[PDB]
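> Sharing the initial chains of the complex here, in place:
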Amino acid sequence: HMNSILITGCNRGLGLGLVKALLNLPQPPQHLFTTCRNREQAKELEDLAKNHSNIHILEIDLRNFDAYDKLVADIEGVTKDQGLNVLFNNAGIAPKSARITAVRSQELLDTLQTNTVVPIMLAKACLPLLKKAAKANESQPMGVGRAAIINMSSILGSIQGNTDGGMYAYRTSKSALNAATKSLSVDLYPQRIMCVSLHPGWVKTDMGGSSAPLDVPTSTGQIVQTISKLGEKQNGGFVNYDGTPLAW
C-alpha cells in the first residue's frame, strides 16, 4: 500500500491512466498528488478531483526549478511526518521524428531538460520527503510501500536494443534518465529508497499514437500492479510494464 504518491503530468495519457488505476485499487493512496500545467484544462483530472478527495492537484511547469521548493512545501504540509512514499516522474516529451540531417540543437536541449534534468531535480527536491517515508516504514522491505522513485523511461532508451536509429533527442534523454536511475539507486540505498526506470510498453496516447498495441488502462493497470510488486532485487533496474528486466 502506498500512503502517498506524487505523479507528474496527469491531465493526459499515462499520467491520467495511472491516477485512475491507483483509485481502482482496493486500498487506494490516502494522498495522491498530481501535477499539471493548466488546472483550468485537465477537466477530466479536475473532475476526478471533485469526486475523489484523496486526489490533490498541484499546478506547476516542471521547467521552473525555483518553483520546486514550494511544491515540496505543500506536500510536506499534508503528509508531515509520514513523508512521500513515491515520486513517479511521468512528465515527458517526444519531438517529431527527424533524420540526423535535420536535427536541431534546441530540440535536443529542450528534450534533455524535460526528460532528464527535471526528473533528477525533482528527485533531489523530494529527497527529504522520501527519506522520512523510508524511515517511517523502516520495518518494511524495499518497495512502493516504503519509499521509491519510479522514472518513466522508454524501450527506445535501450541502447543495446536500438536497431532502428534516429530519434536523437528522445533516445539520448531516456538513456540519460536510465543512467540517473542507476546512480540514484546506489546513492539512496543507505535510506533504502528504491529507484527504477520503467517502460510502460507501447501505449496509444498522443505520444504513443494509434498504432500502439496497448491501451491506457491495460498498461497503467499492469504498471500500478508491477510497481506494487517491485522489491530490492529490482532496485536500480530497467523493467518492462509487466516487470520483465530490460537491457540498458
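That came through, no problem. Numbering: from 1, shown residues only, chains lettered A, B, ... in the order given.
> make it CA atoms for all contacts and neighbour counts henceforth
Will do.
> give me every residue that touches the residue nearest to the spatial centre of chain A.
Among the residues of chain A, residue A:89 comes closest to the average C-alpha position under Cα atoms, centre = their mean, at 2.5 Å. Residue A:89 makes contacts with A:7, A:8, A:119, A:149, A:150, A:151, A:152, as judged by Cα atoms under 8 Å, 6 or more residues apart in numbering.
> repeat for residue A:99
Residue A:99 touches A:166, A:167, counting by Cα under 8 Å, 6+ apart.
> Which ones among the contacts of residue A:89 map onto strands?
A:7, A:149, A:150, A:151, A:152 (DSSP state E).
> the helices in chain A, which residues?
A:13-23, A:43-51, A:68-79, A:105-112, A:118-136, A:168-187, A:216-229 (DSSP state H).
> Can you say which of the ones you listed is nearest to residue A:199?
Distance to residue A:199, taken as Cα to Cα, is lowest for helix A:216-229 among the helices of chain A, at 9.1 Å.
> Using PDB, write down the CA coordinates of that closest one.
Extracted in PDB, the C-alpha atoms of helix A:216-229 (Å, rounded to 0.1, in the frame of the first residue of the first chain):
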ATOM      1  CA  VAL A 216      -4.100   3.200 -21.400                       C
ATOM      2  CA  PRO A 217      -6.000   1.100 -18.800                       C
ATOM      3  CA  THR A 218      -4.200  -2.100 -19.800                       C
ATOM      4  CA  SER A 219      -0.700  -0.500 -19.500                       C
ATOM      5  CA  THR A 220      -1.400   1.600 -16.400                       C
ATOM      6  CA  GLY A 221      -3.300  -1.300 -14.800                       C
ATOM      7  CA  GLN A 222      -0.300  -3.600 -15.100                       C
ATOM      8  CA  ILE A 223       2.100  -0.700 -14.200                       C
ATOM      9  CA  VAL A 224       0.400   0.000 -10.900                       C
ATOM     10  CA  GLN A 225       0.500  -3.700 -10.300                       C
ATOM     11  CA  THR A 226       4.100  -4.100 -11.300                       C
ATOM     12  CA  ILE A 227       5.400  -1.200  -9.200                       C
ATOM     13  CA  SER A 228       3.400  -2.700  -6.400                       C
ATOM     14  CA  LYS A 229       5.500  -5.900  -6.700                       C
END
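> helices or strands next to it in the packing?
With contacts defined as 3 or more Cα pairs under 8 Å, 6 or more residues apart in numbering; DSSP states H and E, helix A:216-229 has these neighbours: helix A:13-23.
> The helix it packs on packs against which elements?
Checking 3+ Cα pairs under 8 Å, 6+ apart, helix A:13-23 ends up next to helix A:216-229.
> Please indicate which of the contacts of residue A:89 are buried?
A:7, A:8, A:119, A:149, A:150, A:151, A:152 (16 or more other Cα atoms under 10 Å).
> Tell me what the residue nearest to the fifth one when sequence neighbours are not counted is bridged to.
Once flanking residues are discounted, residue A:150 sits nearest to residue A:88: 4.8 Å by Cα to Cα, 6 or more residues apart in numbering. In this structure, residue A:88 has the following beta-bridge partners (DSSP bridges): residue A:7, residue A:150.
> Residue A:88 and residue A:102: what is the separation?
Separation of residue A:88 from residue A:102 (Cα to Cα, to the nearest Å) stands at 33 Å.
> now residue A:186
Residue A:186 is 38 Å from residue A:102, by Cα to Cα.
> If you count surrounding residues, which of these two has more?
residue A:186 (15 against 8; other Cα atoms under 10 Å).
> which residue packs closest to the more buried one, ignoring adjacent ones?
Nearest to residue A:186 is residue A:236, by Cα to Cα, 6+ apart, at 7.3 Å.
> pretty sure that neighbour contacts residue A:187?
No. Between residue A:236 and residue A:187 there is no contact under Cα atoms under 8 Å: 10.2 Å.
> Chain B goes on too:
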Amino acid sequence: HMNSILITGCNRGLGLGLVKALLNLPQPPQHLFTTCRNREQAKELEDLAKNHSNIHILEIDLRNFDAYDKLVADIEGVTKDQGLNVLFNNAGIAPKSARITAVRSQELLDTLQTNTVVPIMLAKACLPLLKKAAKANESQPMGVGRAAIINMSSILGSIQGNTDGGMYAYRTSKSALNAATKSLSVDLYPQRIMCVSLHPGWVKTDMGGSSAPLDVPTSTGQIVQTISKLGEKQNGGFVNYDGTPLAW
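Alright, chain B goes in next:
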C-alpha cells in the same frame, strides 16, 4: 591510413596526446585539423603546428552552433573531393564531484550541452564531408581509412557497470553520447560510415587526475592504434582503449 581527421579539444589532455600519436605514425594524416578555443594559448599545439604543416589549427568554441557552417567550409576547401575521413569528438567537460543533494540544474544542462549536444551537432555538420570520404574510398572496408565518427565516451557512461553512483551530469551525458553513437551507426550504415564510442581508459589529465593508472602517450598511443583496427564488426559499439567491448 587516415588522409584527413578532425579532432576537437587538442590544446590539452587526450586531444593533444592524440595529435602527437597521429604524427608518430609511419604514414601520418595529410590533413590533421585541430580545434581549440584560444589559439593564443595552446602554445604546445601552436608549436607543433609551426613544426608540422599537416596540422591545421581551427579556432572555435563548440557551443557556438552557428559557427559550424564555417568550420566545415574551411575543411572542405582544404580536402575538397576527398572529404573528411574521421571526426573525433574529443572535447568534453566533467564538473566537480557532487552528491545528489547538491546537484545544480545548470551544471546538468551545461554538461549535457558540451558532452552530448555538441558531438551530435558536429556529426551533423560533418556528414557531407564524411560521406564524400566514404564514397571516395567505397572500395575499402569500413574503418578510419574510409569514414568514421569516434565519440570519446567514458566507462562512467556504462550504466550496467555503474556501482558507485553520483556524477549525475557526467554520467548522463556520456550515456546519452553512447545512445547517439548507436543511432548514428544505424543511420549512417548506408554510406558505410563507422561510429563508435571509445573509453580512453583512466588517464592522468586535468580531468583524469594524478591517480589515473595510464599516462597520455600510453592511452593515446593505443587509441590511435585501436581506432586504426576498428572495422564493421565493431560498428555502433562501445570499446575500451585497447578495443575490448564494453557494456552500455
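> The nearest residue to residue A:186 with chain B there, same question as before?
Excluding the flanking residues, the one nearest residue A:186 by Cα to Cα, 6 or more residues apart in numbering or on different chains is residue B:165, at 5.3 Å.
> Give me the nearest residue to the most far-flung residue of chain A relative to its centre, chain neighbours excluded.
Taking Cα atoms, centre = their mean, the residue of chain A most remote from its mean C-alpha position is residue A:101, at 31.8 Å. Once flanking residues are discounted, residue A:101 sits nearest to residue B:124: 5.8 Å by Cα to Cα, 6+ apart.
> what do you get for residue A:136?
Nearest to residue A:136 is residue A:82, by Cα to Cα, 6+ apart, at 6.2 Å.
> Next up, the contacts around the one you found.
By Cα atoms under 8 Å, 6 or more residues apart in numbering or on different chains, residue A:82 lies in contact with A:132, A:133, A:136.
> these two touch, right, the second one and residue A:85?
Right, the one you point to is residue A:133. Yes. Residue A:133 is within contact range of residue A:85, at 5.5 Å (criterion: Cα under 8 Å).
> between those two, what contacts are shared?
A:146, A:147.
> In terms of packing, which of the two has more residues around it?
Neighbour count, other Cα atoms under 10 Å in any protein chain shown: between residue A:133 and residue A:85, residue A:85 has more, with 31 against 27.
> so who does the more buried one touch?
A:2-5, A:129-130, A:133-134, A:144-148.
> any idea what sits nearest it, other than its immediate chain neighbours?
Residue A:85 sits nearest to residue A:147 (Cα to Cα, 6+ apart), 4.4 Å away.
> For the one you found, give its distance to chain B.
17 Å (Cα to the nearest Cα, to the nearest Å).
> what does chain A put close to chain B?
A:65, A:100-101, A:103-105, A:108-109, A:112-113, A:117, A:121, A:124, A:127, A:157, A:159-160, A:162-168, A:171-173, A:175-180, A:182-187, A:248 (Cα under 8 Å from any Cα of the partner chain).
> Give me the buried entries from those residues.
The neighbour-count test (16 or more other Cα atoms under 10 Å in any protein chain shown) marks A:65, A:100, A:103-104, A:108-109, A:112-113, A:117, A:121, A:124, A:127, A:157, A:159-160, A:162, A:165-168, A:171-173, A:175-180, A:182-187, A:248 as buried among those.
> Report the contact partners of residue A:175.
Neighbours of residue A:175 in contact, by Cα under 8 Å, 6+ apart: A:157, A:158, A:159, A:248, B:172, B:175, B:176, B:179.
> Please report how far the spatially closest residue to the fifth one that is not a sequence neighbour lies from residue B:179.
Think residue B:172. In this structure, residue B:172 finds its nearest non-sequential neighbour in residue A:176, 4.4 Å apart by Cα to Cα, 6+ apart. Residue A:176 sits 9 Å away from residue B:179, going by Cα to Cα.
> Over to residue A:201?
In terms of Cα to Cα, residue A:201 sits 19 Å off from residue B:179.
> can you check residue A:67 too?
Applying Cα to Cα to residue A:67 and residue B:179 gives a distance of 31 Å.
> Residue A:224 now?
29 Å.
> what does residue A:190 give?
From residue A:190 over to residue B:179 the distance is 30 Å, taken as Cα to Cα.
> and if you look at residue A:96?
Residue A:96 is 18 Å from residue B:179, by Cα to Cα.
> How about residue A:91?
Counting by Cα to Cα, the gap from residue A:91 to residue B:179 is 21 Å.
> next one: residue A:154
Distance from residue A:154 to residue B:179, by Cα to Cα: 13 Å.
> contacting residues for the closest residue to residue A:241 other than its chain neighbours?
Distances taken as Cα to Cα, 6+ apart put residue A:200 closest to residue A:241, at 4.7 Å, once the chain neighbours are dropped. Residue A:200 sits next to A:152, A:153, A:154, A:219, A:220, A:223, A:240, A:241 when contact means Cα under 8 Å, 6+ apart.
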